[PDB]
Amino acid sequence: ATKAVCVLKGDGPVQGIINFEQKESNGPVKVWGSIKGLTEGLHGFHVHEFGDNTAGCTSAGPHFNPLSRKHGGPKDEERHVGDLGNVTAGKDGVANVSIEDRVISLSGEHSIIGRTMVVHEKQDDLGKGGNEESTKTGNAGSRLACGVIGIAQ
């Protein structure tokens, strides 16, 4: 029953804590937590390749894409492993995250342990924006806050 945690920090007001849980080996991963400081609405929410914060969110690299696919939403079969879609902030500025995903894992080749959770500036278009950036980043924009995903108890 693996568990992970991620503390999200950026250059601005956006901060939060994301929990990860996988009760079965290679079974679904439950992703839940809270992010505050956001503008109201949808924000891209992706696992990026590298858990490298040496240069802020920038050195986390691209959406985690071990199987070399195009960008999609969580419910797409065309997607990066790291494609978790959007999270929704209320007028509050808080996004209560609750996601369940079978593509990310906390063990093996698709493990996101040691990688980076990034919350983005803009709504993720889920690869339907009809341009090359869409199939890359979802047009999700800049990286507002991130942290390395670590093993939790």
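Quick note: we count residues from 1 along the sequence shown, nothing fancier.
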(message) When the Cα temperature factors in the entry are averaged, is it 97-105 or 22-30 that ends up higher?
(response) 22-30
(request) Compare the mean C-alpha B-factor of 112-120 with that of 84-92 as given in the PDB entry, and name the stretch with the higher value. (result) 84-92
(request) Ordered by C-alpha B-factor within the chain, which third holds residue 40? Give me lowest, middle or highest, please. (result) highest
(request) Check where residue 139 lands among this chain's C-alpha B-factors and tell me if it's the lowest, middle or highest third. (result) middle
(message) Taking only the Cα B-factors deposited for this chain, tell me whether residue 128 sits in the lowest, middle or highest third.
(response) middle
(message) Which third, lowest, middle or highest, does the C-alpha temperature factor of residue 7 belong to within its own chain?
(response) middle
(request) Among all modelled residues of this chain, ranked by Cα B factor, put residue 152 in the bottom, middle or top third, i.e. lowest, middle or highest. (result) middle
